[PDB]
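Note that we place each Cβ from the backbone using ideal geometry, even for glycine, and neighbour counts take in every protein chain shown. All of the numbers you see were taken from the coordinates with simple rules; none came from a lab.
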Amino acid sequence: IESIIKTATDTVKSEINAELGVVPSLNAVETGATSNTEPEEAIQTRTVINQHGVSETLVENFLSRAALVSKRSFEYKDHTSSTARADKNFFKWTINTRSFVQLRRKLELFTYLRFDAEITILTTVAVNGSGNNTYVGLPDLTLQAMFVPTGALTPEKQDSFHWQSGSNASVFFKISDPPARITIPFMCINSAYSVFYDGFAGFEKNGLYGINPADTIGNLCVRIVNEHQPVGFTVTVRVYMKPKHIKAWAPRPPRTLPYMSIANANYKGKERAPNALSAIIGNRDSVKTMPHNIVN
Amino acid sequence: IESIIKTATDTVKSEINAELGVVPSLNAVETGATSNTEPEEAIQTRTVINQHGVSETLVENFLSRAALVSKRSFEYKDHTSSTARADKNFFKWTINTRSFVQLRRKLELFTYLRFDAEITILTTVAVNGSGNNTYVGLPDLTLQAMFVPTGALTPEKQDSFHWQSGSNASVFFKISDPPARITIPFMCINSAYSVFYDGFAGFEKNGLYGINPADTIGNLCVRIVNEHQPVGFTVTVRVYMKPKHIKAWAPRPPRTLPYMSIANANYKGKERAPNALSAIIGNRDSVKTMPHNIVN
Amino acid sequence: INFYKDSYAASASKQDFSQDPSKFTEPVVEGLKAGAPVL
Amino acid sequence: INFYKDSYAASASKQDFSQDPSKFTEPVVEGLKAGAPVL
Amino acid sequence: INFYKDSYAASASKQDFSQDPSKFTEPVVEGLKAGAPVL
Amino acid sequence: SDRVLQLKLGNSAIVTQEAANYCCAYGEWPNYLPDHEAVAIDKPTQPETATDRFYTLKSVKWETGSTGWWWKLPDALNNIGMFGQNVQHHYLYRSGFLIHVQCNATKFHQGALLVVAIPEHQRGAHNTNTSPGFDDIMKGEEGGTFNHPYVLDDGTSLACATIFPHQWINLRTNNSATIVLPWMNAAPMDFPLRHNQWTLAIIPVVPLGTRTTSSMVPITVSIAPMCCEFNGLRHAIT
Amino acid sequence: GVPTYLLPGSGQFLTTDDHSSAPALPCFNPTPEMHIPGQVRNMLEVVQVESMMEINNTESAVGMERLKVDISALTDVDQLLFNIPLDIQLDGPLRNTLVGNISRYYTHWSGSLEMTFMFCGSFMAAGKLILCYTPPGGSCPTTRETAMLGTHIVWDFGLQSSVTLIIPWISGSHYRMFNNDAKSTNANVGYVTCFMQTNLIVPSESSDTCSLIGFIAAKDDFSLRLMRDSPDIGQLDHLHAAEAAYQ
Amino acid sequence: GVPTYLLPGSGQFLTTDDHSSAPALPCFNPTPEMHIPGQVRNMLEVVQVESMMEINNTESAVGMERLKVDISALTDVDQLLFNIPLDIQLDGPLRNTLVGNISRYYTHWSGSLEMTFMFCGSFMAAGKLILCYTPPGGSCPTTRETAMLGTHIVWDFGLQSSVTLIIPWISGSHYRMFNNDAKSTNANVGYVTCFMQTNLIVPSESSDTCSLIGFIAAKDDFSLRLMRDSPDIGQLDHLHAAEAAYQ
Amino acid sequence: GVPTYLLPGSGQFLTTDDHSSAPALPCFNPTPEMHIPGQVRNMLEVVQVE
Amino acid sequence: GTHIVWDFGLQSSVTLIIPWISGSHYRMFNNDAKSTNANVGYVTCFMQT
């Protein structure tokens, strides 16, 4: 039944029981219900007034933490002789929560999630080695982070006119300023994000499995506004996400085997236990062997 | 008896006393009580209205001061050819209050303590000598301080994935910003920290004596977020602790002999007085010798 | 402190202390009484 | 000034002026009256 | 604006407009009337 | 009035005709653990008179060069009678104590013993960085002796030991000391085999002296647990 | 204007901070809420659901075989069948459970647990077992006459196929800690043991070896503190296709 | 927004500052409070407990022998036995006391003190002493007829084994200072002296030398100001195993 | 939080400014006031003495 | 067992009470000293200091 729970439940003292027809310790697992055997019915207890709070396990508290979701390093320099695949003073990132495993596993503890997302961008800069074998100092550069909806037109170069950002939300920030922060609303076309999706997002048979683009927040396009300096630098941008105003539905078995890809739940497991395909828990000598037995 | 004391007690005027059976100046130390002889009963006094405040000796005021608890210097550079024991752009510190003696002695004036801990982190940087015999300037670096519970997984390298900090509290701060500050709650599994512990924290006989890990706040893992510069620097991080919301129980004899270790109360004493094992107070010629006698 | 015009900009909401574990622990049409045999 | 949601984040509390020195100075079951011999 | 807990931390107090020059100008036991000879 | 005292607990009784009041540590009295402070949920056993009674330890001899003696609680009582059996069969223990220290001599003798109950007397070693071992600390009924009573074997001062609950046995004045100790711990209950809440220390601040014919002058300790309760019944481990 | 001064900690980015921040999409209207079954508002709801213990965590036990314990008919009385360590911080039979997995995101834990055993033999199979919880302090009991001195329940096989042993919260401190020192006085919970009370007796037509399945859950007196990164997941490199998100 | 401007002192870290700061662990529930005996809320409670003076702070007095003063039978009248300097800032008999140790964490002090002497001779020992407090200004008295002119108490040995000499607060200023100039007019308290009033008289069977133990405490008119680092502790290097905390 | 912006003159040290500032010694109790003869509260009192 | 610690002093006499601790309502004055219906137990005196 629904009730407001702020502290752990109290224990009431209990006496001897010798009653026919009453077996609180016996249960029927086959029904799918969890055993209702209380400590008062299993042993003789005292009275305990429990003042232990339960607020730290609140779903909001459990998930509302800034977790690293993106890390991208790129060279800030003249990119005339750079390869096509290189990030020429700017990068684009399709936003996802599946690249860093701690937050991914925490989110995947649930089937459905609804939250707004606080986004924090932290920038660091270093002077390139083997480009100029000397140090002069770190410039205070200005960066532009533009939100572009998934599939929409992204900038093709650092000085592209697409950065004019007529309607796209853009944030300009300096390396010397505190990390930039913006709140993105819950943007799913459905009432909740689908953490897991058992289907195909296309009307033909060649669409991606387990991927619902309605659950992709969008694209983040980050550029250095400053034109290049005579010497080269390496700029690393870290994007952190913190869910807030969270609602969660249908908890799931936690991930055990290591993640393989950000696109699927494919599994291989470790070579040996723990967290191997044939053995999740580490082995002991026998079911009669106590691993950390106290011996005096 | 319990009473609210804000100022020192007043003195009342007194007259001559020649009463049989009344000896206020005589006491019995053997009972363990402190003498109750008032100045009014020992001499003839005047009336004095005492307005002297007592607030500066309040336990809260006595202990709620930012005291240095940790100081760690490490090189910020390319650590490819560095030794294993060296701090390669990051360090880990098991939090304790026993390394710097002023705060340690103040805390050890009590048997039990309960407080939240304000933590302030101050960073300084210098250009390495004998590495590059020149000065170019001081970079404005970003540092990450991650709280890791005692015994839990700590990062093994500067760019380790463990720094992603899915659930661990992490603070990012710049050298140019004011010193970072966070409040850690009273985290002991008991109702109070045990400043002294007369026991062993293990169920076998080889556990550490006098160490209760329930009284260890945790581990602080500090890294430079920036990748290394072409030249080397020396970065010094100082951690200061200030107890607050303090409750104190069972005051103790103050430490006299110099501390030897942060792990025990082992003592050796100075070679000679003062604060020597066989003589705490410095010597005088005789019990009839006045050390600083006024002679005119 | 929220001076923004959009409600989703607000800080987190850690006040929802309502629980219903029985939707996971006892999802049976016929409730099970303590002491009485389940079957 | 405390805009944080956790009470332990607050500044120090230097208002507790209550004292009871007798728990250290006179921890005897039978109180000692002034002037009267202790024994 | 004073959010500090110690009163001596407050800004200056330039409101004390009370004066008594006679403690320096006329410190005589017998006051001197205008016009009347002093001696 | 304040010189004679009878202490009666369980089937045991002690009389003294030369007491000097008696001390209640920090003005408190022992009591059972109340429900609003309880942690362990199993019903505790409260043996009452079977365990809350005076146990007398082996007497020690006051000598001219004696440095002092100490006993640790509950360790000293952990193998004595029904208290010892309950301790050995239960994971958790809780109680206070009533300590009575006895030492008599003639009116021609002089001497002064500080009888102090030290909470959490974490001992230190002398002239080494190695922490004291298990055998150095856990002495049982026999107890131990002070290596350097001047610094209480912990780098502190004997002169300031009076901050702790204490009495004095001054031979010209009294022949016994009595201290009542409540439960003193950060936790409501504790494992009795690994932690010692209290340490009784008897230190001869003024050495024993006389010019009559010498006689053995022993010091005897009687400790009565109070409001004993135990939790976590299982097989005996000792 | 307003005279101000910046405190220590100004400009810092604390991951656990709680502040309002600028809305990037003004006047955005989120999709209307729809009722969805199985909402969870406190993780303590999850830990109360019993999940299967991996008691048979031994070599030669592969996959699903690790989740059941085989019992056969014995020709000696009062024999030990198995034991379960009770540390929900180290690797062991309790780790890969709902309570274990959720609790390992935290450092401190308190409250009672419940272990439910379902007998999965034939209808004709009969037997009595004894399940004992031993509070810590000594070695794990290896004989029935020692284990029966602690908390225990005698289980008689019958129409009710499942029994529950309650591991009550018996601790000196308000909380225990999920520290790596398994033998610490603030960590060790004690042991669980299972002994033959009479025997497993089956007819010739039934299988002579019968399996038990063990589940564990937390009661509603259970609570957790001091959240921490779970040791149960980690990465040493970027996942596959993670780079493609930048292309 | 709000127009503001930063004051001098913005961004500084003052160790004695008092501000709220960000909670690193949101929604953490601290362990419930438990009543613990011997709570202390003001350090002035500690200084009121008498602790032993080290009057016998001389060479050849080793350890515990420094905490007692020996008195023997004399064959000349009105003889001096010992004196006590009264500076609780410099090294001396009062330094390693509860009042001395706590006060040395401060710079200013005020209020009356009490010195309690316990005679620890045999029951048969008899004697009368005189304890004198001399307010400052001149040399420490060396004869009884000079010391008796100041504050004093005549102590008769008997069933009550202890006497108290009150050192009342006699000072030109509201406070005295714990400065290193022992002869300053704002520091010097005066002297304490002990003289034979009649003699120590014992029978042949009793010990001919009897010890006194001196204690000192502060009364409840005592107060301290201007907290400072205690000179009684210091380090020139890192303590042992301090480095291991970083490994 | 509160949106703000720094005015011209922010961070400057003006010798004639009048602001509160951090107390270096918390809970310090100053010596009680004593009546002292010849208090002066306005320098115009001094200039009136010939 | 049951005991009293006796301190010599102005009160020159101490009393040890041997309380009636018996399984049966009465004991018997029979010649079998070791019978369960006869034996009362023992009294001992030890040096305390």
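Annotations
- Amide H contacts of F:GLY124 (H built 1.01 Å from N, in plane; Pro and chain starts excluded): F:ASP154 sit under 5 Å, all sequence-distant by 5 or more or on other chains.
- Partner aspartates and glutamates whose Cα lies under 15 Å from the Cα of E:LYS5, excluding those fewer than 8 positions away in the same chain, are identified as B:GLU56, B:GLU60, D:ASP16, H:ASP17, H:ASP18.
- Here the Kirkwood formula, the inverse mean of 1/r across different C-alpha pairs, assigns segment B:168-296 a hydrodynamic radius of 20.7 Å.
- GNM result for chain A, Cα springs below 10 Å: residue of A:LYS92, A:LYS270, A:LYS242 fluctuating most strongly: A:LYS270
- Neighbourhood charge, 12 Å Cβ-Cβ cut-off, centred on I:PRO30 and excluding it, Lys, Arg +1 and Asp, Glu -1: -2
- Dipole orientation for chain H: of the candidates H:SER230, H:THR16, H:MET115, H:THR16 has the Cα lying most toward the positive pole (charges on Cβ; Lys, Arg +1; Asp, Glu -1).
- Compared with the rule-of-thumb size 2.2 N^0.38 Å for a compact globular protein, segment A:1-152 has a Cα radius of gyration ratio of 1.93.
- For A:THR142, the residues 5 or more places off, or on other chains, whose built amide H falls under 5 Å of its own are A:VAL225, A:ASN226.
- Alpha carbon convex hull of segment H:107-159, projected area averaged over orientations, nm²: 5.7 nm²
- Cα Rg, Dmax (largest Cα-Cα span) when computed across segment A:237-296, Å: 18.5, 55
- Estimated D of segment F:1-61 in µm² per second, where Rh is the Kirkwood radius over Cα pairs and Stokes-Einstein applies at 25 °C, 0.890 mPa s: 163 µm²/s
- Whether segment B:145-203 is rounded, prolate or oblate, judged on the alpha carbon gyration tensor where a/c under 1.5 counts as rounded: oblate
- Scaled to the globular estimate 2.2 N^0.38 Å, the Cα spread of chain F, given as radius of gyration, is 1.03.
- Value at 222 nm in deg cm²/dmol, rounded to 500, when DSSP H runs of n ≥ 4 in chain B each add -39,500 (n - 2.57): -1000 deg cm²/dmol
- Here the scattering of segment B:97-180 is modelled by Debye summation over its C-alpha atoms, one equal scatterer each and no solvent; at q = 0.15, 0.18 Å⁻¹ the log10 of I(q)/I(0) is -0.89, -1.06.
- Efficiency of FRET from Cβ geometry, H:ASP156 and J:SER24, R₀ 45 Å, rounded to 0.05: 0.10
- Take each residue of peptide F:194-200, count the partner chain Cβ atoms within 10 Å of its Cβ, and average: the result is 4.
- Across all directions, the average projected area of the convex hull around the alpha carbons of chain B is 27.6 nm².
- Between A:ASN61, A:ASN50, A:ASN266, the Gaussian network model of chain A with springs among Cα atoms under 10 angstrom shows the greatest mean-square fluctuation at A:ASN50.
- Farthest toward the positive end of the dipole of the protein assembly as shown, out of H:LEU74, B:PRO291, G:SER51, is the Cα of G:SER51, where the dipole comes from beta carbon charges about the Cα centre.
- Under a model in which nothing but the beta-carbon of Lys, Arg (+1) and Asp, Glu (-1) is charged, the protein assembly as shown shows a dipole of about 2320 debye around its Cα centre.
- For chain B, built as a Gaussian network whose Cα springs stay under 10 Å, the top-fluctuating residue of B:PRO178, B:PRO230, B:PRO243: B:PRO230
- Among residues of chain B, the one whose beta-carbon sits closest to the B-to-A rotation axis is listed with its distance in Å as B:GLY137, 4.
- For the protein assembly as shown, alpha-carbon Rg over 2.2 N^0.38 Å: 1.06
- Shape category assigned to segment G:155-200 from the gyration tensor of Cα positions, a/c cut at 1.5: prolate
- Separation of alpha-carbon centers, segment A:256-288 and segment A:117-140, rounded to whole Å: 39 Å
- Exceedance of the 25 Å cut-off in Cα-Cα distance is limited, within the set B:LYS205/F:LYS43; F:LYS139/G:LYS183; B:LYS242/G:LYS183, to B:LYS205/F:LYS43; B:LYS242/G:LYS183.
- Simple Cβ-charge dipole of chain A, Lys/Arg +1 and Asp/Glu -1, about Cα centre, in debye nearest 20: 880 debye
- In this Cβ point-charge picture (+1 for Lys and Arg, -1 for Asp and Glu), segment G:1-96 has a dipole of about 480 debye about its Cα centre.
- Relative contact order of chain F, pairs being alpha-carbon contacts under 8 Å that are 6 or more residues apart, as %: 41 percent
- In this entry, chain H is assigned a mean projected area of 23.9 nm², taken as a quarter of its C-alpha convex hull surface.
- In chain G, helical runs assigned H by DSSP with n ≥ 4 each contribute -39500 (n - 2.57); averaged across all residues and rounded to the nearest 500, the mean residue ellipticity at 222 nm is -1000 deg cm²/dmol.
- Think of chain A as having a plus end and a minus end, set by charges on the Cβ of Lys, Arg, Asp and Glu; of A:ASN212, A:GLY269, A:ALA86, A:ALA86 sits farthest toward the positive end of this dipole.
- Per-residue ³J(HN,Hα) for segment B:200-210, Karplus 6.51 cos²θ - 1.76 cosθ + 1.60, θ = phi - 60°, Hz, x for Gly and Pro: 10, 8, x, 6, 9, 9, 9, x, 5, 7, x
- Measuring between their Cα centroids, segment H:70-86 and segment J:1-42 lie 58 Å from each other.
- Base-10 log of normalised Debye intensity for segment A:193-237 (one unit scatterer per alpha-carbon) at q = 0.23, 0.32 Å⁻¹: -0.86, -1.18
- 5 angstrom amide H check on B:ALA180, placed H, neighbours 5+ away: B:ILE121, G:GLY9
- 9 Å beta-carbon shell around G:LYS219, net charge (K/R +1, D/E -1): -4
- Seen from B:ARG181, the other residues with C-beta closer than 14 Å to its C-beta sum to a net charge of -2, counting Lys and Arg as +1 and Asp and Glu as -1.
- Counting, for every residue in H:206-215, the Cβ atoms of other protein chains within 10 Å of its Cβ and taking the mean gives 5.
- Shape category assigned to segment G:1-90 from the gyration tensor of Cα positions, a/c cut at 1.5: prolate
- Across peptide B:117-129, the mean count of Cβ atoms from other chains lying within 10 Å of each residue's own Cβ comes to 2.
- Coarse-grained scattering of segment H:129-187 at q = 0.13, 0.26, 0.28, 0.29 Å⁻¹, given as base-10 log I(q)/I(0) from a Debye sum over alpha-carbon atoms: -0.47, -1.11, -1.18, -1.21
- For the residue pairs A:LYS71/A:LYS92; A:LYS247/C:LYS23; F:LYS58/H:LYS68; B:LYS247/D:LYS14, alpha carbon separations beyond 19 Å are given by F:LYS58/H:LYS68.
- Calculated FRET efficiency for the pair A:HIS292/G:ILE201, C-beta based, R₀ 41 Å, to 0.05: 0.70
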